[PDB]
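The chains referred to below are lettered A, B, ... by the order of the sequence lines, with proteins before strands, and numbering in each begins at 1. Counting convention: from 1, in listed order, for ligands and their atoms alike.
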There are 2 protein chains.
Amino acid sequence: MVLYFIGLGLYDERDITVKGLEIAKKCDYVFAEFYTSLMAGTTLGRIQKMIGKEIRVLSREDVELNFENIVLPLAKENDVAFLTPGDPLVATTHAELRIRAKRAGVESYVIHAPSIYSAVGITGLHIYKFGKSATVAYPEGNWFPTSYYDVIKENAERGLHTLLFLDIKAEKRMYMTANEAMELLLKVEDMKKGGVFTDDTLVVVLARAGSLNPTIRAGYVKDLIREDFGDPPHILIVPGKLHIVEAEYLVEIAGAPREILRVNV
Amino acid sequence: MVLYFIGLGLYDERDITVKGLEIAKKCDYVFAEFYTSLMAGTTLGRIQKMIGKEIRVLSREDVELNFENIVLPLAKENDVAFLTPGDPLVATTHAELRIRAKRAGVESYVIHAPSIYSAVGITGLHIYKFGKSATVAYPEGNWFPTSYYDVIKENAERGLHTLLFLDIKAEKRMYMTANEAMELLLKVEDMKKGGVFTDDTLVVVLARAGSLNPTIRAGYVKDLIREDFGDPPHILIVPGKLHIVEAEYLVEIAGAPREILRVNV
Ligand SMILES: Nc1ncnc2c1ncn2[C@@H]1O[C@H](CSCC[C@H](N)C(=O)O)[C@@H](O)[C@H]1O
């Protein structure tokens with residue numbers, strides 16, 4: 001009679017919380033989706049071994065179109081767990097799944113776990129200073145989307161940081177790299193010329209947040225666009241004007257050039 | 001000789017990630033602070049019992065003024081852990097402690113945990129639509145803080161949601177409720193008269209996130225300002241322009257008045 005939304009965390013199978021692991025172990029059925037994101041630091045096998053339960057993977061369609069035909073029926077007479085990378089209900093469409101549960105007379109509880117939204121604090125940037133968030137998407141055929149550019153503009157002009165998720169084709173495990181994101185933004189800057197993203201723009205790259213050895217780099221596009229940040233996933237951030245303390249952290253921890261202490265503060 | 005910043009999570013001892021627990025168990029010395037937030041679901045005991053070590057709790061003073069005198073010295077020849085509520089680097093100034101660690105020649109690692117910052121997802125409001133965040137601070141003597149009122153105005157003008165962290169004075173066992181925050185806001189609205197926060201403003205209250213039964217309520221200030229949301233911690237959210245599915249979740253899951261289902265686009 002109960003459905004548990006459980007977050008798996010940031011990077012590997014140990015990123016789940018003690019609460020989520022113990023509850024998952026007690027569940028009769030366990031589902032998981034890896035289309036909204038991927039636990040790049042682990043495997044389904046390791047997650048399964050860690051929980052000691054068979055895990056049925058669901059596709060985007062399984063969830064969005066048939067959640068009530070696949071997951072909810074079993075929840076009416078058993079304890080069911082639905083695992084997702086990061087923190088549950090962060091992905092835009094997941095919150096409404098709880099409405100579906102209610103409509104089916106199924107009670108649901110949420111078990112939180114680390115999310116990149118909060119994990120980016122490791123970059124040293126003050127969390128309250130983040131503005132609207134966006135996703136950098138690959139252009140396709142005749143479609144060249146650019147809203148993520150306007151988002152950066154709207155945030156920066158108010159002294160706010162912009163968290164940029166990079167395009168992912170999880171089914172094919174194809175990651176957009178920070179380098180590609182920068183190249184794309186420079187291209188968008190070249191058509192719109194709003195003085196938002198240039199070679200002089202300061203940016204921060206966060207790779208493999210959650211692992212014990214993440215890659216935290218800060219600097220100007222002209223020096224980072226060709227730098228190697230390692231394996232995905234990559235997260236890009238275009239900071240607004242920095243507080244001296246933020247800049248000192250980027251310099252001491254993220255290897256940013258001393259120049260930011262006078263140019264971006 | 002390493003220092004670990006480990007988050008304990010939102011509500012109780014089980015909100016710590018498995019990664020954090022396994023590392024905490026193998027540390028020689030364990031420190032912690034409980035002034036940056038309130039974990040109303042646990043005690044130090046369960047944490048110590050869970051970790052198997054004795055934990056020395058530090059005051060804001062011990063940390064902000066003597067961290068390099070109390071903690072760092074030990075990390076020079078031992079593996080030390082510093083525990084904090086939620087995620088250690090979210091809405092705290094703990095990130096600066098990593099700089100001190102560096103300057104003292106001590107390597108530090110960050111182990112994330114579920115944070116109130118990403119838990120807002122359980123309110124049904126799209127997390128990417130959150131703009132700048134702010135804190136409703138206790139007025140002290142003649143000093144009456146108000147900047148948080150401007151943040152709401154700025155976000156609302158852009159149709160973005162506003163996350164309002166609530167003040168806390170751990171040494172005085174004072175934890176600001178969503179009610180107290182609403183009163184302070186009406187007072188600020190009374191003197192600024194910007195039509196930003198009134199009896200007709202729609203707000204959302206999230207109390208004790210992380211617990212299995214958090215209080216999630218949405219409605220007009222006039223109706224919620226006198227409502228009992230249970231024990232702290234509490235956060236207050238002032239939504240911006242609502243998407244249809246956000247409104248439906250608020251109504252179906254947070255008990256908001258059906259009339260908010262009607263969105264004026
Ligand atoms: N479980 C919870 N429920 C509601 N509000 C919470 C909360 N945990 C923290 N807060 C809010 O945030 C304030 C502490 S700010 C420190 C936040 C912490 N590092 C984190 O990652 O969550 C509290 O005064 C309260 O307003």
| message | Once salt bridge (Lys or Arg N to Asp or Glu O under 4.0 Å) is applied, what residue pairs with a partner in residues 224-241 of chain B remain, sequence neighbours excluded? | response | B:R217-B:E227
| said: Per the salt bridge (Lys or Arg N to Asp or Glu O under 4.0 Å) rule, what does the pair list look like for residues 57-67 of chain B, sequence neighbours excluded? | reply: B:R60-B:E64
| field | Within 6.0 Å of NZ in B:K222, more than 12 heavy atoms from elsewhere | value | yes
| Pick one: which of B:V63, B:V57, B:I168 meets side chain to side chain contact (heavy atoms under 4.5 Å, CB included) with B:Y35? | B:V63
| Only one of A:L164, A:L163, A:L166 forms a side chain to side chain contact (heavy atoms under 4.5 Å, CB included) with A:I235, so which one is it? | A:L163
Could you go through residues 37-44 of chain B and list every donor-acceptor pair under 3.5 Å that involves a side-chain atom there, pairing it with any protein atom two or more places apart or in another chain?
| unit_1 | atom_1 | unit_2 | atom_2 | d |
| --- | --- | --- | --- | --- |
| B:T42 | OG1 | B:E13 | OE1 | 2.6 |
| B:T43 | OG1 | B:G45 | N | 3.4 |
| B:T43 | OG1 | B:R46 | N | 3.4 |

| query | With hydrogens left out, which residues have an atom under 4.0 Å from ligand 1, given that only heavy atoms count? | reply | B:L10, B:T36, B:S37, B:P85, B:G86, B:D87, B:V90, B:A91, B:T92, B:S115, B:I116, B:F165, B:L166, B:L206, B:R208, B:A209, B:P233, B:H234, B:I235
